[PDB]
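This is what each chain is made of:
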Amino acid sequence: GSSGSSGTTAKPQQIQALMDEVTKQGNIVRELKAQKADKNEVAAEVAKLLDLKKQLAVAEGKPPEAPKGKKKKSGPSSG
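Below is a summary of the structure that appears in this document. (Residues numbered from 1 in each chain as written, not as in the entry; some residues may be left out. Heavy atoms only, no water.)

### With respect to the side chain of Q25
Argument step 1. Turning to its location among the elements, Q25 is positioned in helix α1 (residues 11–34).
Argument step 2. A polar side-chain atom of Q25 sits 2.7 Å from a polar atom in the side chain of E45.
Argument step 3. Setting aside residues no more than four positions away along its own chain, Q25 makes contact with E45, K48, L49 and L52. (Helix = DSSP H or I, 4+ residues; strand = E, 2+ residues; numbered from the N terminus. Polar contact = N/O pair within 3.5 Å; in protein donor to acceptor, adjacent residues only side chain to side chain. Contact = heavy atoms within 4.5 Å.)

### Re the pattern of salt bridges
Argument step 1. The tally for this structure, following the rule as stated, stands at two salt bridges.
Argument step 2. Residue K53 is joined to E65 by a salt bridge in which the shortest nitrogen-to-oxygen separation is 3.1 Å. In this pair, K53 is assigned in helix α2 (residues 39–60) and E65 in the segment after α2, connecting sequence segments 12 residues apart. (Salt bridge = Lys/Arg side-chain N within 4 Å of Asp/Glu carboxyl O.)

### Focus: unusual backbone geometry
Argument step 1. With a phi close to 55°, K36 is a non-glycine residue in the positive phi region.
Argument step 2. If you trace the backbone, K36 turns up in the loop between α1 and α2.

### Considerations on α2
Argument step 1. Taking 1.5 Å of rise per residue, the 22 residues of α2 would be expected to cover 32 Å, and the 32 Å separating its terminal C-alpha atoms lies within 8% of that figure.
Argument step 2. Among all positions of α2, only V42, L49, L52, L56, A57 and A59 are buried. Buried residues along α2 cover an arc of 155° about the axis, so they all sit on one side. Exposed residues lying more than 90 degrees from the buried face of α2 are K39 and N40.
Argument step 3. Where the residues of α2 are buried, they touch α1.
Argument step 4. Measuring from the backbone nitrogen of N40 back to the side-chain oxygen at the start of α2 gives 2.8 Å, which picks out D38 as the cap. (Expected span 1.5 Å × (residues − 1). Buried < 20%, exposed > 50% of the residue type's maximum accessible area, 1.4 Å probe, protein only. Arc of directions from axis to C-beta.)

### Some remarks on the environment of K53
Argument step 1. By relative accessible area, which is 33% here, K53 ends up partly exposed.
Argument step 2. When near neighbours in sequence (up to four residues on either side) are disregarded, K53 contacts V22 and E65.

### Focus: α1
Argument step 1. Compared with an ideal rise of 1.5 Å per residue, which puts 24 residues at 34 Å, α1 spans 35 Å between its outermost C-alpha atoms and is within 8% of the ideal.
Argument step 2. Regarding α1, the residues found buried are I15, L18, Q25, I28, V29 and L32.
Argument step 3. Structurally, α1 contributes buried residues whose contacts are with α2.
Argument step 4. Of the residues one or two after α1, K36 is the one with positive phi, at around 55°.

Everything listed here is a matter of geometry and, on its own, says nothing about what the molecule does.
Written as structure tokens, this is what we have:
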């Protein structure tokens, strides 16, 4: 197998990787329901998706579903 390092990490870099995930995910979830996938199997991806949207938007700068949804509040960082 591969040992040592798996590339380098960056702010503007990881983003490019996420974007792809947001797309692929959305699809994976669509097919899951289209094939009557197990409620458990689907849920798994579901949650992940909701996270991707954030890890993507936030990274860029936009707030995570700030305006969308009531429960999800801006909740800024303090430190």
